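Chain by chain, the residues run as shown.
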Amino acid sequence: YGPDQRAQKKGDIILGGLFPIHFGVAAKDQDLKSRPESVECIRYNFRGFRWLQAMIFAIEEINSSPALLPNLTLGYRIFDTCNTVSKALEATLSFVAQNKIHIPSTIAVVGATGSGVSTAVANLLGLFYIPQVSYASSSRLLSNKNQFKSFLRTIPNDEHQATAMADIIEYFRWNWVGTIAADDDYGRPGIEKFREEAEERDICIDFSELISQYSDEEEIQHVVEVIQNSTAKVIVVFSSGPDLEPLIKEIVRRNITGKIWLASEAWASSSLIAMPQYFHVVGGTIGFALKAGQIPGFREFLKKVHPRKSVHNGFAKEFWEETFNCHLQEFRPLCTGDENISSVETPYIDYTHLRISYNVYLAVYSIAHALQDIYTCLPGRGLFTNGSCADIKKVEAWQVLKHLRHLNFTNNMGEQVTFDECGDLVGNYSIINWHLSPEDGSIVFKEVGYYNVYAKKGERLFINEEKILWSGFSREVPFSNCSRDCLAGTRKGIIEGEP
Amino acid sequence: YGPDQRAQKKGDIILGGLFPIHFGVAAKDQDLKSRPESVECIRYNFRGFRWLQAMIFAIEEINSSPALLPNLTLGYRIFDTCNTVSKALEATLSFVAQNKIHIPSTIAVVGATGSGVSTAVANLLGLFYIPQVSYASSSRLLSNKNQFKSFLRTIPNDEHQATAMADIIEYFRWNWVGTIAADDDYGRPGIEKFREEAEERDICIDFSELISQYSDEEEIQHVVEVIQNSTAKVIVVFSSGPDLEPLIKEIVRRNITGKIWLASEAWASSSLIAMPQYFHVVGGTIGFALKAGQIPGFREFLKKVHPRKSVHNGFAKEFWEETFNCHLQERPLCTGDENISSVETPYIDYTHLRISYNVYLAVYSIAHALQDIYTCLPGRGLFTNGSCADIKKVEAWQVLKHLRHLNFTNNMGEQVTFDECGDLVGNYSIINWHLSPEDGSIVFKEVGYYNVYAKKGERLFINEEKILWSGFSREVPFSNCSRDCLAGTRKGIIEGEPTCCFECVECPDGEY
Ligand SMILES: *[C@@H]1O[C@H](CO)[C@@H](O[C@@H]2O[C@H](CO)[C@@H](O)[C@H](O)[C@H]2NC(C)=O)[C@H](O)[C@H]1NC(C)=O
Ligand SMILES: *[C@@H]1O[C@H](CO)[C@@H](O[C@@H]2O[C@H](CO)[C@@H](O)[C@H](O)[C@H]2NC(C)=O)[C@H](O)[C@H]1NC(C)=O
Ligand SMILES: *[C@@H]1O[C@H](CO)[C@@H](O[C@@H]2O[C@H](CO)[C@@H](O)[C@H](O)[C@H]2NC(C)=O)[C@H](O)[C@H]1NC(C)=O
Ligand SMILES: N[C@@H](Cc1c[nH]c2ccccc12)C(=O)O
Ligand SMILES: N[C@@H](Cc1c[nH]c2ccccc12)C(=O)O
Ligand SMILES: *[C@@H]1O[C@H](CO)[C@@H](O)[C@H](O)[C@H]1NC(C)=O
Ligand SMILES: *[C@@H]1O[C@H](CO)[C@@H](O)[C@H](O)[C@H]1NC(C)=O
Ligand SMILES: *[C@@H]1O[C@H](CO)[C@@H](O)[C@H](O)[C@H]1NC(C)=O
Ligand SMILES: *[C@@H]1O[C@H](CO)[C@@H](O)[C@H](O)[C@H]1NC(C)=O
Ligand SMILES: [Ca+2]
Ligand SMILES: [Ca+2]
Ligand SMILES: [Ca+2]
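Residues numbered from 1 in each chain as written, not as in the entry; some residues may be left out. Chains lettered and ligands numbered in written order. Part of a larger assembly, values for the part shown. Heavy atoms only, no water. Residues with missing side-chain atoms left out of burial classes, pairs and counts.

Re the UniProt feature "disulfide bond" in chain A
All names here are of chain A.
Piece 1. Formation of the UniProt-listed bridge between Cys-41 and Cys-82 is supported by an S-S distance of 2.0 Å, under 2.5 Å. Residue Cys-41 is found in the loop between β2 (13–19) and α1 (46–64), and its partner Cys-82 is found in the loop between β3 (74–80) and α2 (85–95); the two are separated by 41 residues along the sequence.
Piece 2. For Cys-41, a relative accessible area of 23% gives the class partly exposed.
Piece 3. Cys-82 sits in the buried class, given a relative accessible area of 2%.
Piece 4. In this structure the UniProt-annotated cystine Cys-326-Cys-335 is intact, with an S-S distance of 2.0 Å. Of the two residues, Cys-326 and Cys-335, both sit in the buried class. (Disulfide = S-S within 2.5 Å. UniProt positions renumbered as here; feature names shortened; annotations may be inferred. Helix = DSSP H or I, 4+ residues; strand = E, 2+ residues; numbered from the N terminus. Buried < 20%, exposed > 50% of the residue type's maximum accessible area, 1.4 Å probe, protein only.)

Some thoughts on the site of ligand 1
All names here are of chain A.
Piece 1. Every residue close to ligand 1 is listed here: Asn-428, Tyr-450, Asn-452 and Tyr-454.
Piece 2. The side chain of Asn-428 places a nitrogen or oxygen atom 2.3 Å from an oxygen atom of ligand 1.
Piece 3. Relative to its free-state accessible area of 580 Å², ligand 1 is covered by the protein chains to the extent of 35%.
Piece 4. Considered class by class, the residues forming the shell around ligand 1 number two nonpolar, two polar and no charged. (Near = heavy atom within 4 Å. Polar contact = N/O pair within 3.5 Å; in protein donor to acceptor, adjacent residues only side chain to side chain. Areas by Shrake-Rupley, 256 points an atom, 1.4 Å probe, with all protein chains shown as cover. Nonpolar A, V, L, I, M, F, W, Y, C, P; charged D, E, K, R; others polar.)

Details of the state of the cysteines
Piece 1. Under the definition given, this model contains nine disulfides over all chains.
Piece 2. Here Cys-41 of chain A engages in a disulfide with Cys-82 of chain A; their sulfurs sit 2.0 Å apart. Handedness here is read from the sign of the S-S torsion; for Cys-41 of chain A and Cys-82 of chain A, about 115 degrees, the answer is right-handed.
Piece 3. Shown here is the disulfide that connects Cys-41 of chain B with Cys-82 of chain B, its sulfur atoms set 2.0 Å apart.

Quick word on the coordination of the calcium ion (ligand 12)
Ideal values differ by geometry: the angle at a metal is 109.5 degrees with four tetrahedral donors, but 90 or 180 degrees with six octahedral donors.
Piece 1. Coordination of the calcium ion (ligand 12) by the protein comes from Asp-202 of chain A (OD) and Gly-496 of chain B (O), over a distance range of 2.7 to 2.8 Å. Residue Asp-202 of chain A is located in the loop between α6 (187–200) and β8 (204–211), and its partner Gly-496 of chain B is located in the loop between β17 (489–490) and β18 (505–506); the two belong to separate chains. (Donors = N, O, S within 2.8 Å, 3.2 Å for Na, K, Ca; no water.)

A word on the interface of chain B and chain A
Piece 1. Each side of the interface is counted separately: chain B has 45 residues, and chain A has 44 residues.
Piece 2. Summed over both sides, the interface between chain B and chain A buries roughly 3,800 Å², with carbon and sulfur atoms accounting for 56% of that surface.
Piece 3. On the chain B side of the contact with chain A, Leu-32, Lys-33 and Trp-397 of chain B bury the most area, a combined 17% of that side's loss.
Piece 4. Counting across the interface, chain B meets chain A through eight salt bridges.
Piece 5. Of the charged contacts, one joins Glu-496 of chain A and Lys-491 of chain B as a salt bridge, the two residues approaching to 3.0 Å between their closest N and O atoms.
Piece 6. Counting residues per element, the ones that place at least two in the side of chain B that touches chain A are α2 (85–95), α4 (115–125), α6 (187–200), β8 (204–211) and α13 (396–404) of chain B.
Piece 7. Counting residues per element, the side of chain B that touches chain A draws most heavily on α2 of chain B, which supplies five residues.
Piece 8. A class-by-class count of the residues in the side of chain B that touches chain A yields 17 nonpolar, ten polar and 18 charged. (Contact = heavy atoms within 4.5 Å. Buried area = accessible area lost by both parts, 1.4 Å probe. Salt bridge = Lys/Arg side-chain N within 4 Å of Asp/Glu carboxyl O.)

Here it is in structure tokens:
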């Protein structure tokens, strides 16, 4: 059961996992004139492979520490989703293969990345009460506990992002904008929340459009026609890189400049949009980012992968091949095997901060500490029936979920990690700016403030306007009002139809 | 296996089924202090039982006719979903149980009602390329063929409904309304489309709220207060009966009267809201409806039910118990000789068949897809090299391919064919809620239609002479946020308020 390439290790306790190794699937048509065959995957995601190694590192750090879960070993079974629902469902059917009835059971799943994939996986995982701990899903629809009974996450939701964007617009005195969002369960609720917030602060919106990764030519042309027919220089986008690339390509080949973008977290640091060829269009973007944690011995673990020594990993071979443009054997030169991964610039060991990787780390330690709480329990002071402890020899999924619901522990950085009613965390935000490197010629992200989620309303945002390059060259705030303000000797008037 | 309650029969080809026999599940939630049990369904839906009987009737009619499918017999396997995702997922896992690994396979499935349930079912059914035909799901999110490969339906989507509501509001000139929607995949896209159209037509919307079947007291109280403060008389609702009942209960308890409700097809005929004691609030509602059909011999088959002769129907015993307030023993004891006509229930208390006619069409659609595979000639086929499939060993994707190229004639002399998004087209009927003078009861009276086959601006037709506003009044209400400027005067601006609301200032001296 399950797909062919996988990261698998045996042990007393087995943990699941879903990571987007590939960016997407093939644009194919199957008019069913023959028996259908399995779809393929196209592009290679080096960021996703880095997230995969964080879970392995956390598990192997737990197994080597006698203070956490002694006399017990943890395994894993990690698959690939290709950013599609169907592959995730194929893997999940293997996750719950024994509960529906030679395959070990699953007690915890480190959830997917996309919101739609997470929803589709959770709808099936909630039947058997198997906890799922996501690390990048920030939709507000997953906070509903009537439908998703066993969903937890280590990332905050998207209400504060919309509120902060409205706060920025109010801060810089703009009242004429336009909105774009992806066509999924992550973009639509967020853009709706932003519209709800902006209606109260008297901000008028000109156009609203929806995009998708599989949009045809005559839906991109219409969207880019609507954009250039407007007089608003401020555009708000709730989408990811794969869902935004075609529109950006079309805009670039048309050479449309002068717009100001307010990026969400999904594409704030995406490598598909932050390209020097696009700088004369996407330059000067303002976006949001999370707070970066610390993992001490992580670079050494990343810099010791090998297609032959990493027998437990099935993605290492393709990582080597895609990195070195080389072909392994059991145009493309043959692989010697002694090549060095430090000589190639890829989003694998070329990073400045760890944000989602820290989330994977935290999810694995949350599961481990729930298991530890099960382990070190005194009978008569438990959490089940008349007060009892669950046996660590025969632990089940729902007991782990119950312990996760009542979790409180201090991480390696010296701060508590507690899950709220709907299994969410609250955290700070960091506001960044897109610059141009003077020496290397790449794109540099620079912090220009922060968003405080603890302070009172109206005292949260903090902007250092002195360090904002408005288009990479400008040092003056853009004008984005619909009409010029009247003077002392005049008054206002009404234009029929217009807001 | 799956759930214990079911209705199945042996045959060469088996069809699936998903009907909402109940309205919902129990309100109990576990604290995870013990092993969780199976959730239980609470209310009984007499409308959902009628739709199942339509599928059974269609199959039994096909088996008797030699012209349609000789030498082949159709069975069935029908489950209950209770308007819940988990039950439907369990039933669907039972449907595809053979293909995960003795178990017969399911050629086709007649889909669910709710869009949220249908999406969850289709996500799992699309892996195995099993065709699914829905009779009530009408969300536009299900028209994306890049995700739902094998979804088909016999009901139009809601874009035309939203445009029709905008046209109705434009016909009776109002520019100050409100909107209420359900928090699922059905009410959100429709309300977004309506907001787009209303902004296009220069109509101002005051508020916008979201409700759900499991909303607590504070949310309902906040929603009602929002409606109370605003002066917008006209309210537009995109939801169903179960999701709207708590709000209507709270409003009726607080006695808020005078609003004009525009109703979607989901609750324009629901028996949970169309009640005589709600009339002083929901009276005079204007809503949409589908087009009725004819199924001769249906009522007799409906009236020949019994909890003993129905060997193949496991839902009949609870039907009898609920109908006669009895208890069958293997609450008085059941004699078993009572008359169905004695008890007045939504089972046979109907006037037109509108959703139960879609089940008929779905069953004949699958039947005609199998007649095409059955009868063909070598070199004349939809598959590779012009070859034909094997009727003796037929697969699901062949049925899907033949469904994508289907063109047949209904019983009542009209054509059916499906678009390449698996959707259909049809007209609408606009009804008005009255009060019957003989028996106090809501009565729906048709006042106009919406010809979807016409050009823009010539589709809506409304007869005003048969509309009773608020159920008694004969005068068109008023909703504009501002009294009209009379003459010799100028518009004004009020700060912080929409352009729909002005001040009516007088002109300067020497002008006109
Ligand atoms: C979230 O951000 C706020 C401000 O950005 C943090 O508050 C700061 O806390 C440090 C140390 O406690 C103080 O030295 C600063 O003066 C605080 N800033 C302000 C504006 O009061 C807060 O600690 C952050 N939260 C977390 C969990 O790190
Ligand atoms: C663009 O419009 C905004 C609001 O429409 C203007 O913000 C006003 O700024 C003045 C002076 O700073 C304040 O007295 C007003 O209260 C602000 N408006 C509101 C609604 O608070 C802004 O000045 C305009 N910018 C330009 C360049 O005209
Ligand atoms: C309520 O407002 C609507 C539009 O804001 C009014 O409709 C206008 O009516 C005048 C004549 O009274 C026509 O000349 C306009 O063409 C109408 N506008 C549109 C867009 O159709 C309506 O009359 C107002 N109601 C009342 C009672 O005055
Ligand atoms: N929050 C996104 C997922 C996401 C977060 N960060 C990302 C970075 C890259 C790609 C996707 C993401 C969603 O729900 O859809
Ligand atoms: N169109 C509805 C389905 C529906 C039609 N009539 C109904 C009556 C009751 C409940 C649901 C329905 C939906 O998308 O969900
Ligand atoms: C595109 O627009 C920029 C900005 O004005 C201009 O400098 C450039 O010449 C244009 N054409 C290109 C980049 O081919
Ligand atoms: C978690 O435990 C620490 C231990 O002192 C305590 O200070 C903190 O308040 C606890 N967190 C919650 C949410 O109770
Ligand atoms: C369907 O069949 C009818 C009658 O054979 C024919 O007139 C029509 O062109 C066919 N196709 C469509 C799309 O209706
Ligand atoms: C809709 O109504 C028009 C006119 O009333 C009619 O010509 C057309 O055939 C109808 N279509 C359907 C699908 O009923
Ligand atoms: Ca250990
Ligand atoms: Ca306008
Ligand atoms: Ca206002």
